[PDB]
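# Chains, contacts and geometry: an overview
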Amino acid sequence: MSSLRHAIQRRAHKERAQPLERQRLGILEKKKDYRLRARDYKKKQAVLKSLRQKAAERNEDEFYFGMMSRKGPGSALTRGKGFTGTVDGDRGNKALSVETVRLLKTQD
Amino acid sequence: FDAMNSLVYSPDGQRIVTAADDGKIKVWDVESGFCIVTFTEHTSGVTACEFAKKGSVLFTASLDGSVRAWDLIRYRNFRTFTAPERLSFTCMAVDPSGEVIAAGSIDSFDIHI
Amino acid sequence: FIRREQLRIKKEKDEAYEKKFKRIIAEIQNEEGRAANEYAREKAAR
Amino acid sequence: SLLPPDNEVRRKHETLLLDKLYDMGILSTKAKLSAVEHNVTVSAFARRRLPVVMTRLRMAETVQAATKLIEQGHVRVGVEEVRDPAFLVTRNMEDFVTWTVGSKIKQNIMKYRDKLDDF
Amino acid sequence: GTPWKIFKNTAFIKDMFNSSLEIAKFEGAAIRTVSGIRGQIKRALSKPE
Amino acid sequence: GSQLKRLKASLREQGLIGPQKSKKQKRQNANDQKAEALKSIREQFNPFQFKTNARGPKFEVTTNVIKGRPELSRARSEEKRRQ
Amino acid sequence: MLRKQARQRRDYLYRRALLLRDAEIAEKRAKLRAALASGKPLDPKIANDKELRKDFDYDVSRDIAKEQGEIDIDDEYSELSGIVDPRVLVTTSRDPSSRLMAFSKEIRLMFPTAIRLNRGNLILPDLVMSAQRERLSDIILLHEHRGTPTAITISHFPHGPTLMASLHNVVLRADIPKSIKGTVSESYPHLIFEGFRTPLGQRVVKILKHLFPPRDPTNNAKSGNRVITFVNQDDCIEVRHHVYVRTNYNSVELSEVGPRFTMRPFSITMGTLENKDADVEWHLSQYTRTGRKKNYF
Amino acid sequence: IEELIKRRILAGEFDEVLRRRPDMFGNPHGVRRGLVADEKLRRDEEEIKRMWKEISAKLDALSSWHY
RNA sequence: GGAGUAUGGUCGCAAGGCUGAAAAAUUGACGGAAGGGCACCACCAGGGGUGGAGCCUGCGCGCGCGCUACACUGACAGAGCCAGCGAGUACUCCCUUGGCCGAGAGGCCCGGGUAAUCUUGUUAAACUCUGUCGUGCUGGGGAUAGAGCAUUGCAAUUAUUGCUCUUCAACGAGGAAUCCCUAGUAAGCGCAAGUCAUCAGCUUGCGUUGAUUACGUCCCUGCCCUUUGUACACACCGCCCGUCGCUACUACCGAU
């Protein structure tokens, strides 16, 4: 049980460190750090597998009405060197009319 | 009393034969305007009908899955063709020798011979 | 050859150990539970 | 059901009925007659209609917009344009419903994807 | 030993043996990382002995 | 020729597979070897028991083709390791 | 066409999930039918379910048909089992060697209806595309190490399973001389399978025996002169290819005509060769504790 | 392996899939296409055949002859 | 207490040797002749390997996969200048632009990137052009070898790899054979990954450039099949052949 064990039965076992001749390579990854690494990789691969399923089973004739108010991801040919697959969003700025810029420049 | 799906002249040119979605095909004579025989073995709408070069045999495909083959000197379908998996043929052609029938449907993309 | 021999020996040894101790624990539990139920029956009649 | 269970015509017409309903897309399985007991349903027919099946295929966004688009006549099923919003799309014509030829909706999709070929 | 080049799974491991004879003796052996990653000695490497 | 066809032809030559002879044909056979040839047939038509090259010899010298038995050699080596 | 392949694969996966739930119910319904015929008393949780009885009255007959074996299970092979001759193409890896191309020819000649294709510069999704575009039943890919083959990939189409296996002890047809070998007979081969007993073994038996065209069942027990043998020990299926004459009613002379393998499968995926992200059905569990003790197939 | 092959060939049992007829369902007897109480149960079977003719016509006409 | 499901014991049957290792058939056994179909394991037209020298996995000085060449559709030197699949650094030193220094390899100072955002338009190689060389083992080829400078690494000797000078071998299209190949196929070229089996002495992807010659015929070599069936009109064909078995009947022969 738990009362049938001495304090030397309860005593913790220490963890060894990376050798000092090899400490420049980083920390010695043990089971806990390996579990963190494996959890992050399995999570990222699960998201990527779901994205690959969604890109495979895509209707080529789909029509949402946000397509008339968004700029598409395009291709590398149409966009150019600045091509990421992400749809570009708006930063909030807008082209500003001349009367309001006349007001702002009088204030400045 | 349905939509006339297809028609072909006879190679003589005296009579034409039309195939409608009523299930019947019938052979009209050009002079006198009367149908002279109504073949009624199809149990669904009849698509394309075709002749050979010889003009004595008529091959008719339909949506009940059968390309039938009638002989117009005896008025009986000497052949009926089906695909092993069940299709519904919507178009067909026949060699002018009269020995090979090809037919194609909308359910499978293969073309049967 | 040493791989195949050691894997055969490990399978046979683990199977023999599992069989022997299943027999031993079953016989011990059987005899002890039989005597315990007989004593509970002879105690409940008093 | 009321036929005896080892009957040949019962078994043949069970397979025929289940295959017909699964080919029309009403049932989602073809291995139970309780599907025709409590799964065949006027809502199953009405969701095999055309604006709901193109809502599911994401040709439109909502069934209201889909009925508007197939009343304006952008949607063909196969090779023929469909103006009736009650055309029951079967399971093998859900692979052939698409936009019409000179469609402004098709130009909108191609202009979004930046593949607007004007030829 | 110590890893030398690390690919996705196959890693080359350097400071453990001295010759391909010793590696050919210890072929197929259960090698292990400190972290807990198991592995198997697959093949001796030619150019660094 | 095929291996099937040459096997059938060699067994017809050895008389193991031919037509059902009458009693008169068996009288002729008892009026007028085959295991020694059947050993060669069962060795020749199962050529994967032994290792052979396909090219033949590189330089022909004339002076007066099974080059090794891997199955028998592996079994012999495993018996040596058992001992 | 591609939308139809995707739609039919999705319908197949949904029907398989519904079959899982319906099997969980139909294990309870088979106790009610056996208790009705034999009169042994059944569980109250089974006998007091009104939905189960009300639906049991309609769904007797498929359980009786499955008991008699009159119907076949929902499978990717049961649609076209003995109706169509399965066409199958054998291909190499990208830049094959001469012994890999001769081995590809040899295992093409193993199947009487197969064809061989030169890879060259052929991207693997377009290979899958051309297979579905020409309605092939099976593709088989080959991988060599250095003039000796080390892997097969048997993929069933339109959406069927892959079996990837590694080859060992390959003795080629192209090593023995033409005086001893000859042109292999192309008759429809008999098949024998020895040692497959698990449902996974019947799975690999199905995806291996639906590569061959169906034999005419009128007099197949005595006619036909060519046999192909798949026999497994320690889940490494070993395959021979013999040709035989029946030299008597009690004896038979065999003659080894084809290549010898002992292929070991390491991956059976419910999805074709292009899908690297398909859900696996079985894979060779190395680096586990008792994965070497446990024998599958 | 060779003796297993010889046993199967002699007492011939082969695991090849056999060529089945494509119309085993509708034509189970396999007739040739050329020159050629229980009454309650028969009446019930004929009623189901009549019902299925009507219902199959309605369902094919509602799917608009794609079937 | 009833009903199931298991687990391990106990008992009974199985568990008594005219013995001593290596058929079925009215449906069967084997062929022949004629006529078809198919095949880069066939013909025909071409192409390409391997086989010559060296290295080495594998299989049982010998062997196999390879790389590089024998040049003029070329080598060299300028100059033009064009991809695609990839990858990349946290409790860290990964992918690296630009600025100097250096002939080079490299060094050094900074810098962008956990990334469609930075490397990277990966300005890749064959390739294209304007030159030099001129058929000579020649400037084709670059093995072997000396001396030197660098990088990785705790370590480089048995030379990890990189650069410079020099040394400049065999190899003049591979022989007999043997094998493979019919369109984005043969062949050239690089870039990336390393996926529970196999694979670094390599494997598998990915792009780029992209031909000649067949695409007919069963004449050779073969393989499969018809001569029974499986549908009916037109139309055509018109009892394929041998050696035996088995069964039924008939009479014969000679011992008991």
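Residues numbered from 1 in each chain as written, not as in the entry; some residues may be left out. Chains lettered and ligands numbered in written order. Part of a larger assembly, values for the part shown. Heavy atoms only, no water. Residues with missing side-chain atoms left out of burial classes, pairs and counts.

This deposited entry lists cryo-EM as its structure determination method and 7.1 Å as its resolution.

By the naming in the PDB entry, chain H goes by Putative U3 small nucleolar ribonucleoprotein protein and is assigned to Chaetomium thermophilum.

## What to know about the overall build of chain A
In plain terms, the rule: Secondary structure elements are defined from DSSP: runs of H or I of at least 4 residues count as helices, runs of E of at least 2 residues count as strands, and each element is numbered from the N terminus.
When helices and strands are counted, chain A shows 4 helices and 0 strands. With the C-alpha coordinates aligned to their principal axes, the bounding extent of chain A is approximately 85 × 50 × 40 Å.

## Focus on the overall build of chain H
We count it as follows: In this setup the radius of gyration rests on C-alpha atoms only. A globule is expected at 2.2 Å times the number of residues raised to 0.38.
When you go through chain H residue by residue, the secondary structure sums to 2 helices and 0 strands. In terms of overall size, chain H is more extended than a compact globule, its C-alpha atoms giving a radius of gyration of 23 Å where 67 residues would be expected to give roughly 11 Å.

## Comments concerning the interface of chain A and chain D
How we decide: Note on definitions: a residue-residue contact is assigned when non-hydrogen atoms from the two residues lie within 4.5 Å. Only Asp, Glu, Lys and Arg are considered charged, only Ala, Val, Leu, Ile, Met, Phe, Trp, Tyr, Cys and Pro nonpolar, and every remaining residue, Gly among them, polar.
Opposite the 8 residues of chain A that make contact, chain D presents 9 residues. For the side of chain A that touches chain D, the class distribution of residues is 2 nonpolar, 4 polar and 2 charged.

## Side note on the sheet that holds strand 4 (residues 35–39) of chain B
Residue and element names in this part refer to chain B. The criterion, for reference: DSSP calls a pair of strands paired once it identifies at least 2 bridges connecting them. A fitted line through C-alpha atoms serves as each axis, taken over the contacting stretch for helices, and the angle formed by two N-to-C directions is quoted from 0 to 180°.
Strand order in the open sheet formed by 4 strands is 1-2-3-4, and the pairing between neighbours is antiparallel. Since the sheet does not close on itself, it has two edges, and those belong to strand 1 (4–9) and strand 4, each with one partner. Averaged over all adjacent pairs, the angle separating strand axes in this sheet is 20°, with direction ignored. Pairing geometry for strand 3 (residues 25–29) and strand 4, over 4 bridges, is antiparallel. Among the inter-strand pairings, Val27 is bridged to a residue of strand 4, identified as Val37.

## Description of the interface of chain F and chain G
Contact residues are listed per partner, giving 14 residues for chain F and 15 residues for chain G. Looking at the side of chain F that touches chain G residue by residue, the class counts come to 7 nonpolar, 7 polar and no charged.

## A look at the pairing of strand 5 (residues 46–51) of chain B
Looking at chain direction, strand 5 of chain B and strand 6 (residues 57–62) of chain B are connected through 4 bridges and run antiparallel. In the strand pairing of strand 6 of chain B, B:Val46 is matched with B:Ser62.

## Description of the sheet that holds strand 10 (residues 101–105) of chain B
Where strands meet in a sheet, backbone hydrogen bonds hold them as pairs that are either parallel or antiparallel. Spatial strand order, 9-10-11 (chain B): 3 strands in an open sheet with antiparallel pairing. Either end of the sheet is taken by a strand with one partner, and the two such strands are strand 9 (89–94) and strand 11 (111–112) of chain B.

## Regarding unusual backbone geometry
Between G:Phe157 and the following residue, G:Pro158, the backbone shows a cis peptide bond with an omega angle of 10°. Relative to the assigned elements, G:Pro158 resides in the loop between strand 4 (149–156) and strand 5 (162–166). A positive phi angle, near 60°, is found at B:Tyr75, a position not held by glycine. Along the polypeptide, B:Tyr75 turns up in the loop between strand 7 (66–71) and strand 8 (76–82). A positive phi is found at H:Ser64, a non-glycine position, where the angle reads about 65°.

## Some thoughts on the pairing of strand 10 of chain B
Residue and element names in this part refer to chain B. One ladder, built from 5 bridges, connects strand 9 with strand 10; its direction is antiparallel. Paired with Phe89 across the two strands is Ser105, which belongs to strand 10. What sits between strand 9 and strand 10 in their antiparallel hairpin is a turn of 6 residues, with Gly98 showing a positive phi close to 85°. Sheet topology places strand 10 next to strand 11; 2 bridges connect them, and they run antiparallel. What sits directly across from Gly104, in strand 11, is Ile111. Taken together, strand 10 and the strand that follows it, strand 11, pair antiparallel across an intervening segment of 5 residues.

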